[PDB]
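Step one of this worksheet: look at the structure below.
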Amino acid sequence: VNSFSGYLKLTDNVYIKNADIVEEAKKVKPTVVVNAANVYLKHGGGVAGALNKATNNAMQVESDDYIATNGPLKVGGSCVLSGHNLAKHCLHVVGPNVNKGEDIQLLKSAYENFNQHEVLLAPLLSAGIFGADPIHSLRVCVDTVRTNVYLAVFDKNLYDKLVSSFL
Ligand SMILES: Nc1noc2ccccc12
């Protein structure tokens with residue numbers, strides 16, 4: 001049993017809810033929250049900007065030190081950093097950004113990072129300002145992630161379309 005409430009069950013391991021991931025993280029304090037990161041960990045907008053704002057920029061400060069030591073992530077890759085006030089850990093995952101012309105086949109590689117964690121609170125990778133089709137992102141998630149994933153979808157209209165169209 002876990003703390004996640006109000007989520008619709010899609011499969012054995014994947015759950016979904018219309019929720020603000022920031023507000024959900026603040027309530028649950030999950031072991032892992034996933035950030036929709038870019039390779040530079042520049043948390044300007046979208047999910048990343050919202051998570052970073054909720055940490056009072058401490059996420060960005062930590063991320064800048066990580067990049068100064070390690071250099072940029074790979075598209076499809078990830079790193080584990082602090083969850084600050086939101087979670088124990090933040091898994092920063094880089095899905096491909098269609099608005100930069102990145103290979104959508106890298107979305108499966110991005111979701112494979114989730115399999116290193118038994119339970120996660122996450123957004124749909126490459127959705128929103130990353131430009132991918134969220135219906136596609138949900139299909140890749142279900143077909144790739146084997147650990148227990150609780151998906152927060154910010155937009156009510158999109159949430160209802162993801163559920164209604166789910167095969
Ligand atoms: N709380 C938020 N502001 O912007 C966002 C974009 C995606 C998900 C959550 C937020």
Side-chain angles (χ1 to χ4, degrees), residues 2-8 10 14-26 28-64 73 75-100 102 104 106-107 110-111 113-114 117 119-142 144-145 148-166:
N2 68 50
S3 163
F4 287 107
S5 175
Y7 284 77
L8 152 69
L10 293 174
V14 178
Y15 293 79
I16 196 165
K17 185 185 179 176
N18 177 218
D20 180 350
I21 194 172
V22 171
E23 287 311 312
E24 190 76 2
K26 280 199 288 188
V28 175
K29 290 291 236 85
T31 306
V32 181
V33 64
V34 174
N35 181 33
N38 59 53
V39 295
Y40 305 110
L41 302 178
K42 287 171 57 87
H43 308 306
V47 166
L51 292 170
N52 175 59
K53 177 179 178 185
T55 76
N56 180 44
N57 210 52
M59 178 181 285
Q60 190 65 66
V61 171
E62 178 194 34
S63 291
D64 290 347
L73 300 178
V75 179
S78 71
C79 68
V80 180
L81 290 173
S82 180
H84 300 279
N85 56 316
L86 302 180
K88 186 175 198 285
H89 305 287
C90 180
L91 181 69
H92 293 274
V93 180
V94 185
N97 187 328
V98 176
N99 305 319
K100 302 181 175 170
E102 296 167 350
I104 193 61
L106 287 169
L107 186 53
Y111 274 116
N113 296 286
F114 290 25
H117 301 278
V119 182
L120 315 86
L121 171 62
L124 286 165
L125 299 180
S126 297
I129 68 175
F130 282 61
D133 176 3
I135 295 173
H136 176 66
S137 182
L138 179 55
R139 183 29 63 187
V140 179
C141 180
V142 161
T144 307
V145 181
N148 291 326
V149 57
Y150 288 85
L151 294 169
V153 177
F154 183 73
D155 191 77
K156 171 57 166 155
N157 181 294
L158 174 60
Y159 171 84
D160 287 348
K161 181 170 140 132
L162 284 168
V163 168
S164 290
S165 58
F166 183 71

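All heavy atoms count here, side chains included; hydrogens, waters and symmetry mates do not. Sequence positions, counted from 1, serve as the residue numbers for this chain. Read the numbers this way: they start at 1 and go in the same order the structure lists the ligands and their atoms.
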Show the short N or O contacts, below 3.5 Å, that ligand 1 makes with protein N or O atoms; if there are none, say 'none'.
{"from": "ligand 1", "atom 1": "1 (N)", "to": "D20", "atom 2": "OD1", "distance (Å)": "3.1"}
{"from": "ligand 1", "atom 1": "1 (N)", "to": "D20", "atom 2": "OD2", "distance (Å)": "3.3"}

The criterion is side-chain contact (heavy atoms from CB on, under 4.5 Å); which residues satisfy it with [X], sequence neighbours excluded?
X: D160; result: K156
X: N2; result: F4, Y150
X: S78; result: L91, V93, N113

Exercise. Any donor-acceptor pair under 3.5 Å linking the side chain of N56 with the backbone of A58?
Worked result: no

Problem set entry | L162 vs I135 side-chain heavy atoms within contact, under 4.5 Å | yes

Exercise. Should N148 and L120 count as side-chain neighbours, where that means a heavy-atom distance under 4.5 Å?
Worked result: no

